[PDB]
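For reference, the structure is listed below as structure tokens.
No hydrogens, no waters, no symmetry mates; every other heavy atom, side chains included, goes into these values. By convention in this document, chain letters (A, B, ...) are assigned in the order of the sequence lines, proteins followed by strands, and residues within each chain are numbered from 1.
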Amino acid sequence: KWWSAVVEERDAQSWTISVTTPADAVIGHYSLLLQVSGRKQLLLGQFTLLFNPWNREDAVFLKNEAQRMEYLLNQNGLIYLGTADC
Amino acid sequence: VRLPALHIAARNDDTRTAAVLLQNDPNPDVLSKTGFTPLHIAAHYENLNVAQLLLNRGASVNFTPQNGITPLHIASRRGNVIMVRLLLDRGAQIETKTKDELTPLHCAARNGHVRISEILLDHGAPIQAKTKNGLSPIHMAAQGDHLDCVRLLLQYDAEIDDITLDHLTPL
Ligand SMILES: CCCCCCCC(=O)OC[C@H](COP(=O)(O)O[C@@H]1[C@H](O)[C@H](O)[C@@H](OP(=O)(O)O)[C@H](OP(=O)(O)O)[C@H]1O)OC(=O)CCCCCCC
């Protein structure tokens with residue numbers, strides 16, 4: 001439920017790591033950094049963190065998947081103009 | 001006074017706990033005190049993953065409690081478009097009525113779900129079906145101030161002057 005990381009799969013030369021973030025995390029541009037005992041900080045890469053309408057514990061959670069699609073994933077909108085009767 | 005563990009897993013969309021439970025107890029249609037299966041809970045909260053797990057483990061897609069509320073009824077009432085689709089592909093009956101003779105189209109139109117109403121109509125739902133008081137879906141759409149639902153039902157050739165048992169038109 002907080003920042004965490006765990007190796008789901010591994011071989012001799014690689015680790016498959018599942019990283020979680022808190023449901024109340026600060027959004028924006030992030031840097032992921034690795035610290036190996038007795039070494040200097042190493043930059044692993046950059047990622048951007050956003051709000052999650054798909055997560056039940058997030059403040060922007062939406063009950064419906066159709067509503068999630070319509071109000072977050074659809075780029076084709078309709079602005080209604082004119083008069084009330086037209 | 002607590003729910004069965006499978007109902008709790010269905011509510012939380014916890015497929016790992018549900019898988020462990022179904023490995024231990026192979027019955028996905030376990031009944032709560034109200035008589036609702038975990039598929040009813042999954043349809044209520046639109047938990048797609050646990051619903052697919054339950055249906056793959058043999059849950060009755062057309063389960064009928066004493067009150068006659070099928071999971072399709074709950075999905076149509078709640079506005080769960082994806083759950084309505086999934087239940088329809090798995091064999092959900094389109095004409096089943098509740099204790100008060102409400103079809104899933106009645107539940108969709110009463111709450112003004114245009115997409116769900118169109119999906120049910122495209123699957124053959126009866127647009128002129130009546131409740132115990134003679135209310136058609138257009139009556140329920142007009143009662144809830146659901147303008148687009150009334151428009152869609154009229155587009156599907158619903159009777160604009162259908163009367164209830166009290167001779168009430170949608171007007
Ligand atoms: C007399 C004292 C003892 C001497 C013998 C000591 C013998 C002995 O124990 O060797 C292994 C040990 C390993 O230590 P290791 O390198 O794993 O530990 C890192 C080291 O302490 C750095 O100085 C820390 O930097 P900083 O403080 O955070 O800036 C770094 O911090 P962090 O990565 O944890 O953040 C530490 O991880 O020490 C050596 O480094 C070897 C050469 C040490 C020097 C050899 C003798 C000069």
Side-chain angles (χ1 to χ4, degrees), chain A residues 63-64 66, chain B residues 3 7 10-11 29-47 51 54 59-88 90-171:
Chain A
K63 299 180 225 74
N64 235 303
Chain B
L3 281 162
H7 292 63
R11 193 257 164 291
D29 296 306
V30 46
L31 280 206
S32 64
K33 296 307 191 285
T34 330
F36 284 109
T37 64
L39 196 51
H40 286 96
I41 305 304
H44 175 96
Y45 288 105
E46 213 191 28
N47 288 330
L54 288 162
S60 191
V61 77
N62 287 305
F63 194 88
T64 316
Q66 176 45 35
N67 49 14
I69 308 174
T70 70
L72 187 59
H73 279 100
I74 300 177
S76 323
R77 210 267 304 183
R78 290 276 294 173
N80 298 341
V81 183
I82 313 302
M83 191 72 45
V84 160
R85 274 191 198 288
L86 170 71
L87 293 172
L88 280 175
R90 303 306 285 257
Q93 267 159 306
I94 209 51
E95 48 62 53
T96 296
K97 292 143 199 286
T98 64
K99 55 294 208 192
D100 275 0
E101 256 164 313
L102 268 83
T103 55
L105 179 56
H106 275 106
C107 304
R110 179 207 276 229
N111 295 93
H113 298 310
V114 182
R115 191 50 196 128
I116 293 198
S117 297
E118 195 210 322
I119 288 156
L120 304 166
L121 285 161
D122 285 326
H123 276 74
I127 201 167
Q128 291 307 135
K130 269 161 145 37
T131 65
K132 51 161 195 173
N133 300 334
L135 266 84
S136 54
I138 198 190
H139 284 108
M140 305 228 168
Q143 210 180 333
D145 195 33
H146 303 305
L147 198 48
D148 208 40
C149 232
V150 169
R151 263 193 222 111
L152 182 104
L153 286 160
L154 285 181
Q155 156 180 336
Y156 272 79
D157 302 359
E159 280 320 74
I160 208 184
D161 266 279
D162 188 61
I163 49 139
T164 71
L165 286 183
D166 285 25
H167 279 39
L168 287 197
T169 61
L171 192 53

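With contacts defined as side-chain heavy-atom distances shorter than 4.5 Å, the pair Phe63(B)/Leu31(B) qualifies. When side chains are defined from C-beta on, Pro137(B) does not count as touching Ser117(B), because their heavy atoms never get closer than 4.5 Å.
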Please test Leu88(B) against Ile94(B) for side chain to side chain contact (heavy atoms under 4.5 Å, CB included), starting from the C-alpha separation and ending with a verdict.
CA-CA 8 Å; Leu88(B) 280 175; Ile94(B) 209 51; 3.9 Å; yes

Step by step, would you call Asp100(B) with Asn67(B) a side chain to side chain contact (heavy atoms under 4.5 Å, CB included)?
CA-CA 8 Å; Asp100(B) 275 0; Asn67(B) 49 14; over 6 Å; no

Kindly determine whether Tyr45(B) and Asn80(B) satisfy side chain to side chain contact (heavy atoms under 4.5 Å, CB included), including the steps that lead there.
CA-CA 8 Å; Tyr45(B) 288 105; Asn80(B) 298 341; over 6 Å; no

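Distance alone, capped at 3.5 Å, places no donor-acceptor pair between the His44(B) side chain and the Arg78(B) backbone. Using modelled atom types, one side-chain atom of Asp29(B) and one backbone atom of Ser60(B) make a donor-acceptor pair closer than 3.5 Å. Remark: side-chain polar atoms of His7(B) are not paired, donor with acceptor, to backbone N or O of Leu39(B) under 3.5 angstrom. Under a 3.5 Å cut-off, the side chain of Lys130(B) and the backbone N or O of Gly134(B) do form a donor-acceptor pair. No donor-acceptor distance shorter than 3.5 angstrom exists from the side chain of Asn133(B) to the backbone of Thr164(B), with no hydrogens or angles considered. With hydrogens and angles ignored, the 3.5 Å screen pairs a side-chain donor or acceptor of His73(B) with a backbone N or O of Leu102(B). Judged purely by atom type and a 3.5 angstrom limit, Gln128(B) uses its side chain to pair as donor or acceptor with the backbone of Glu159(B). Looking at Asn64(A), its side chain does come within 3.5 Å of a backbone N or O of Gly79(B) through a donor-acceptor pair.
Atom NZ of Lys99(B) has more than 12 heavy atoms from other residues, nucleotides or ligands within 6.0 Å. Surrounding CG of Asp122(B) are more than 12 heavy atoms belonging to other residues, nucleotides or ligands, all under 6.0 Å away. Heavy atoms from other residues, nucleotides or ligands lying under 6.0 Å from CD1 of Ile160(B) number 12 at most.
For the residue pair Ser136(B) / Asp162(B), a side-chain donor-acceptor distance below 3.5 Å is found, with atom types taken as modelled.
The only member of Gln143(B), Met140(B), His146(B) that meets side-chain contact (heavy atoms from CB on, under 4.5 Å) when paired with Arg110(B) is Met140(B).
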